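Colleague: What follows is a single structure, and I will ask about it in a moment.
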Amino acid sequence: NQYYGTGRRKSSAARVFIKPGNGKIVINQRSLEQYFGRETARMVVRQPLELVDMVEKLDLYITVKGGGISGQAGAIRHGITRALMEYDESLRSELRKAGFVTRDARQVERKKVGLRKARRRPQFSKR
Amino acid sequence: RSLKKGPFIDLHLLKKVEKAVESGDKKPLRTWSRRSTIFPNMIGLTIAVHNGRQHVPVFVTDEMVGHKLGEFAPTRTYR
Amino acid sequence: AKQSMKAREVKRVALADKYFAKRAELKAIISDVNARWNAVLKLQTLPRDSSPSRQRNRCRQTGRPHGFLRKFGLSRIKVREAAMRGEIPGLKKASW
Amino acid sequence: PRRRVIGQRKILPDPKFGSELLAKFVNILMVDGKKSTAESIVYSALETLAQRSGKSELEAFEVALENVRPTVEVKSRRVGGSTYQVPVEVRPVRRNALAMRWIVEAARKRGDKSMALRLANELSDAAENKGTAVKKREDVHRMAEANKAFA
Amino acid sequence: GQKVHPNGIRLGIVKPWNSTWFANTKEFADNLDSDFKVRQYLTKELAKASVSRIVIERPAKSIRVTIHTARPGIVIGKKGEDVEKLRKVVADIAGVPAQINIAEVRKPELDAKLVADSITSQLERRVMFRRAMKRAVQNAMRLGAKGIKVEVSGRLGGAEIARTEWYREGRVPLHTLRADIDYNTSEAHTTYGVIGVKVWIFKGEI
Amino acid sequence: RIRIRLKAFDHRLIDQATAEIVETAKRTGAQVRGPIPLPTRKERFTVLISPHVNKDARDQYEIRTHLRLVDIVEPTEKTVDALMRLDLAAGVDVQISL
RNA sequence: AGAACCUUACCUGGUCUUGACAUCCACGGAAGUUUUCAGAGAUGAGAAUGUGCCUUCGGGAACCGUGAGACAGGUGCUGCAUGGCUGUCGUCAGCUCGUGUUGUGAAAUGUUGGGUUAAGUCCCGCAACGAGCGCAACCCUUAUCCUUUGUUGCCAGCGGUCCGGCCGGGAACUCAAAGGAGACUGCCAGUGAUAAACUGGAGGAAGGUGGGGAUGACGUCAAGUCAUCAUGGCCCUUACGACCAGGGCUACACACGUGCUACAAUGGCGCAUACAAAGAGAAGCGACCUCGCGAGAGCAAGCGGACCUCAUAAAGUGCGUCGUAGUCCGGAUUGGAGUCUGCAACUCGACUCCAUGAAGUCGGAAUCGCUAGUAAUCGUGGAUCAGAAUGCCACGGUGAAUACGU
Ligand SMILES: [Mg+2]
Ligand SMILES: [Mg+2]
Ligand SMILES: [Mg+2]
Ligand SMILES: [Mg+2]
Ligand SMILES: [Mg+2]
Ligand SMILES: [Mg+2]
Ligand SMILES: [Mg+2]
Ligand SMILES: [Mg+2]
Ligand SMILES: [Mg+2]
């Protein structure tokens, strides 16, 4: 049987699977380095898998849509932590300290009337 | 530049141009329309363009075919 | 809002079906790169107030020529007066 | 900031080396909110630093930053109609914060080619001091000692 | 003064509808015209009839017009004498086969438009505004209405300057969204000046 | 075949209109997959709140257009009866097309 | 929420006077669809056809023309007569009334205090006891899960494969939206008059009004709008009205505000390449295809819309070029030659093509905004609209610094 976990980050929905086989990274029928992840947010996908005994532990298939570079990257970060239901509620207690299970409630602010974008009040003449 | 294919003019003013050729030129005609363009047949014919007060005597010349009638009557008076 | 301008508007709108719409098929297909004769362009001595995009599109109640929405068919001031009295279905205070 | 004291939120560390100090450094260098183009300049400067000086990677910029740490700073009073400057001991959180700022501001005044090179030249003359940041660090210190009166 | 209009703010929360009709954006502009056009003649015909409110709707190439009233006798009359004349001209203006309903509003003091029309009609009679406003107040807690208030605006007793001088009795929660607030604005046609008549009526909690 | 798409503006009106069509069909007939929720189009307008001046102060408006799809898979001659003209239309538009 | 005519009021001309628009009287003519001459047009003067649903014969209801008076008309005057609606102090926490008491009385008390909060929030106390407005809550949206539903959405486990969810099929899941659960200082610890509350921790996706919006008290500035409408009074009334052409609203020795694009190597230019959301669309958005360097034109499917169309989003990233200059920085201005919308682009347009390449190399005193997905930066869409956004509204991408203090 498969092991599922959702996660998302700023309107970027992801779908993580974990299986016991080889350590190859398949994302949207493409490799990890061939998913252009060279600069910042290079290893934020493997951020929840930092403090574990790994060597070459798991298969993974991940597919993310919506947002941009870091929006899709941070969706995989939170998506894998929900996909740890193979290891169930044991290893999450240590992962509570890191705060990767925390779904970030920060979303882009709506544009407001009489403001340039959400906060910036346009300037005025002297006093 | 503008008007795409074919030089757009007014109908009523074309009859005045044909009047100046067939019946012959007499005096400068007082025309309110600035929309029409100058042609080769309009060369050597006196015309007059309205511009918010009274018709200005604009003399037509060989090289004026490239521009409109409205350019030769300045609307806004200065100084 | 000056009922003579609305009388001028009712005239302007009522000429759209007669002079143009039906007989405005001329200049669309006829004036094109075909086969020229300039006699088709000499049919523009028509009254001109029939023109398809001439109207300001005034508000139907008052006759204000500003803030006219195509959806409601009313000016911005009459939108608030109407909307707060209901009348437009499924309309309420927008907040998201 | 009158009643409500802040929670001092923690940024994420540098993904390559693992230094939380360099995570703040890339943010000062960052302009127009472009972190991708920011780090490309920072890493290019750090590789040229350790190669030229012939020192280790992490402690090259650290010792260079340690030299540009300000000893003390002053605060404007404005109490009884006359402006008084009172010297105060800068905290370790604010010490490196102002240090990383004055490196970028000193590098901004140079007339060199790339931002990686001109910043690396500022890091190169941090250990032995001829640069603009080492001139910028000693400004309030000349005003200090005279202002020791007010305390 | 600046306030949110009580009727509009309570559309999403605790009002039924002033329009239940659906229409597409193509014919919406022309359809919304006919809904205000029919009310111009209908409010004139139901001026002396003391109409509270009417609900326009058009169920698939038709028209209903659900008419409430304080006085059901004058609206209905003997059989369909006054019913047929109203239904005829609505079909002509709308351009569709029109029906008609009937509805009796018990306790006319509870409605906003009925009390607003009651106060403003007395201004042409030339009676004292202090008494005219108080006659609406005097029967508040007797039959329904847990709270109520009335406001007049400008030209108080033929004065040279414009005063307000509002009055209130009971609980009128203006910004409580769950609270049932009935409201309607009205104006006077008096030759000494224009007096606006606003009345806020609170029925219950839910 | 029996593809019927609805439209309604209110936050809860069509929910009761699309309920009655289900239990009428599936009782005498069979199948009837049920009401598809469908994406809501929201036409957001903004108009000036004051009659004169006041650029900063405005009022925002919206009209939510909620769609539903019936999808009956069983065309029987019994279930087509007692479907038409027991809808009791409360201004909800109904259309019969592919 | 958009002056090329129109809009449009105002100006110089040409015109009409019971009028452009509405009621009513008398009289004639169906209305209307056809054409020609003159005029810039408003318009007069002809030749055609037509003469339709009721009518003891005086006539009708639609519309046109003529004539006479009641009138119609006014974006004209007064927001120091007004309605309606709105700015701002201010989303600041205040502002008041019943009875009672105090002072001869204006008024006070309540609502003076002691803690606490975003808050007249709550506790205790009190010569006051209560009530109401406001605040908070109820609401919309957003953070999470469950139930209900599976097309046009989605593709794990299965196979058939043109390696396209494309086609059975599977309905998990993402997305989508109806109804619910959950966050209440409640569980624990400490402090505090043992009460309110505060600090900290556990659990939890979200902890102390979660984030944001709607929601703007009593009143003030005789604040703004007689020009949206409504409306008192006043005034014009063969004119300040009405119709039409052209003009102006876009002027130019100047001053100021509000924005855009810059002065560059965190960048320019060229090739290649990856990831959005919110929309709008039938008098419309316009594939695919062909032509043109291009704006666009012709031909021309599909979809009233999770399908089809605008739509190939850009920053970013991979190589190369440029190496500090008034330059491959910047685009102004001007010339030549085009497209598009429309009766119409000259006054007075958008956009494209070739060429020209002003000023400016971080801006004096002074001044403006913002405390977290915010500042800033790079793009998209909509309303307005035939056709003109750098404005406005709406949406998303990348994404900080610093808050010791009053
Ligand atoms: Mg009028
Ligand atoms: Mg127009
Ligand atoms: Mg004009
Ligand atoms: Mg004024
Ligand atoms: Mg007091
Ligand atoms: Mg209170
Ligand atoms: Mg509130
Ligand atoms: Mg005033
Ligand atoms: Mg250039």
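All Cβ positions, even for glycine, are placed from backbone atoms using ideal geometry, and neighbour counts span all protein chains on display. Just so you know, all these numbers are worked out from the coordinates, no wet-lab data involved.
Colleague: Out of D:102, D:80, D:30, whose Cα points farthest toward the positive end of the dipole of segment D:20-147 (charges: +1 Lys, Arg; -1 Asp, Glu; placed on Cβ)?
Modeller: D:80
Colleague: Can I ask one more? For chain E, go through all pairs of different Cα atoms, get the mean of 1/r, take its inverse, and jot down that Kirkwood value in Å. Before the final figure, lay out each step's value.
Modeller: Details: mean 1/r = 0.0533 Å⁻¹.
It is 18.8 Å.
Colleague: So, in Å, what gap is there between the alpha-carbon centers of segment D:79-108 and segment F:1-22?
Modeller: 67
Colleague: Can you give me the orientation-averaged projected area of the convex hull built on the Cα atoms of segment E:107-206, in nm²? Walk me through the numbers before you get to the answer.
Modeller: Working: hull surface 24.5 nm².
Result: a mean projected hull area of 6.1 nm².
Colleague: For segment E:1-133, build the charge dipole from Cβ charges (+1 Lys, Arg; -1 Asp, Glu) around the Cα centre, then report which of E:16, E:123, E:41 sits farthest towards its positive end.
Modeller: E:123
Colleague: Roughly what angle does helix D:20-29 make with the longest principal axis of chain D, taking Cα atoms, 0 to 90 degrees, to the nearest 10?
Modeller: On a 0 to 90 degree scale, this one is about 90.
Colleague: Let me spell out the model: positive unit charges on the Cβ of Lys and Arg, negative unit charges on the Cβ of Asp and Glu, origin at the Cα centre of segment E:16-106. What dipole size does that give, in debye rounded to 20? Walk me through the intermediate numbers first.
Modeller: Numbers: 16 positive and 11 negative charges, 54 e Å.
Approximately 260 debye in magnitude.
Colleague: Across peptide F:44-56, what mean number of C-beta atoms from other chains lies inside 10 Å of a residue's C-beta?
Modeller: Numbers: counts 2, 8, 3, 11, 7, 5, 4, 6, 1, 0, 1, 3, 6.
So the per-residue partner count for this stretch is 4.
Colleague: How tilted is helix F:14-28 with respect to the longest principal axis of chain F? Cα atoms for both, answer in degrees (0 to 90, nearest 10).
Modeller: 0
Colleague: A further question follows. With +1 on each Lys and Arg Cβ and -1 on each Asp and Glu Cβ, and nothing else charged, work out how big the dipole of chain E is about its Cα centre, in Debye to the nearest 20. Working shown, then result.
Modeller: On the way: 37 positive and 23 negative charges, 123 e Å.
Result for chain E is approximately 580 debye, rounded to the nearest 20.
Colleague: What residues of segment C:33-76 lie in the reach of a label at residue C:11, counting those whose backbone N is under 12 Å from a point 7 Å from the Cα along Cα→Cβ?
Modeller: The answer is C:48-50.
Colleague: Along the three principal axes, how long is segment E:16-106 when you take its alpha carbons, biggest first, rounded to the nearest angstrom?
Modeller: That gives 40, 27, 21 Å along the principal axes, largest extent first.
Colleague: Which value in Å does the Kirkwood hydrodynamic radius of the protein assembly as shown take, with 1/r averaged over all unlike C-alpha pairs and then inverted?
Modeller: Working: mean 1/r = 0.0275 Å⁻¹.
36.3 Å is the Kirkwood radius here.
Colleague: Partner chain Cβ atoms within 10 Å, averaged over the residues of E:5-17 - can you pull that number for me? Kindly include the intermediate steps, with their values, before the conclusion.
Modeller: Details: counts 5, 1, 4, 11, 3, 2, 10, 7, 2, 0, 2, 1, 8.
The per-residue average across the peptide is 4.
Colleague: Another question, then. What are the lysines whose alpha-carbon lies under 20 Å from the alpha-carbon of residue A:97, with same-chain residues fewer than 8 places away excluded?
Modeller: Counting by Cα, and skipping residues close in sequence, residue A:97 has these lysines nearby: D:10.
Colleague: Next up: Whole angstrom only: what separates the Cα centroid of segment C:1-24 from the Cα centroid of segment A:1-42?
Modeller: Here the answer is 64 Å between Cα centres.
Colleague: Continuing with this model, one more query. Under the Karplus relation 6.51 cos²θ - 1.76 cosθ + 1.60, θ = phi - 60°, what is the ordered set of whole-Hz ³J(HN,Hα) values for segment E:198-203, x standing for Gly and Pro?
Modeller: Listing the rounded values in order: 10, 9, 10, 10, 10, 9 Hz.
Colleague: May I ask what percent, to the nearest 5, of DSSP beta bridges between residues of the protein assembly as shown are antiparallel? The partial results should precede the final answer.
Modeller: Numbers: 62 of 72 bridges.
Within the protein assembly as shown, antiparallel bridges account for around 85 percent of the total.
Colleague: Rounded to the nearest 20 debye, what is the charge dipole size of the protein assembly as shown about its Cα centre when +1 sits on each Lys and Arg Cβ and -1 on each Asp and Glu Cβ?
Modeller: Details: 153 positive and 82 negative charges, 573 e Å.
The dipole of the protein assembly as shown has a size of about 2760 debye.
Colleague: For a label point 7 Å from the Cα of residue F:62 along Cα→C-beta, name the residues of segment E:155-181 whose backbone N is under 12 Å from it.
Modeller: It comes to no residues whatsoever.
Colleague: On to the next question. Could you state the number of Å between the C-alpha centres of segment A:50-86 and segment E:134-173?
Modeller: Using only Cα atoms, the two centres lie 65 Å from each other.
Colleague: For segment E:1-95, run through the trypsin sites (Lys or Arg not before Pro) and keep only the ones in DSSP coil with at most 16 other Cβ atoms within 10 Å of their Cβ.
Modeller: E:3, E:26, E:48, E:61, E:78, E:79
Colleague: Sticking with this structure for a sec: Could you name the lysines in cross-link range of residue E:134, using Cα to Cα under 26 Å and dropping any fewer than eight places away on the same chain?
Modeller: E:3, E:48, E:107, E:113, E:146, E:149, E:198, E:203
Colleague: 222 nm [θ] for chain C, helices only, -39500 (n - 2.57) per DSSP H run of 4+, per residue, to 500?
Modeller: Roughly -6500 deg cm²/dmol at 222 nm, from the helical runs in chain C.
Colleague: Using only the alpha-carbon atoms, how far is helix A:69-82 inclined from the longest principal axis of chain A? Give it as 0 to 90 degrees, nearest 10.
Modeller: The answer is roughly 50 degrees.
Colleague: If you take the charge dipole of segment A:1-66 about its Cα centre, with +1 on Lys and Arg Cβ and -1 on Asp and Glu Cβ, which of A:6, A:26, A:45 is farthest toward its positive end?
Modeller: Of the candidates, A:6 comes out farthest on the positive side.
Colleague: Ok, one more. Pairs on different chains or at least eight residues apart, Cα atoms closer than 29 Å: how many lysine pairs in chain C fit?
Modeller: Qualifying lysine pairs in chain C: 23.
Colleague: Inverting the mean 1/r over all pairs of different Cα atoms, compute the Kirkwood radius of segment D:20-147 and quote it in Å.
Modeller: Numbers: mean 1/r = 0.0634 Å⁻¹.
For segment D:20-147, the Kirkwood estimate is 15.8 Å.
Colleague: Mind listing the Cα extents of chain A along all three principal axes, in Å, largest one first?
Modeller: Projected onto the principal axes, the Cα atoms of chain A cover 69, 34, 24 Å.
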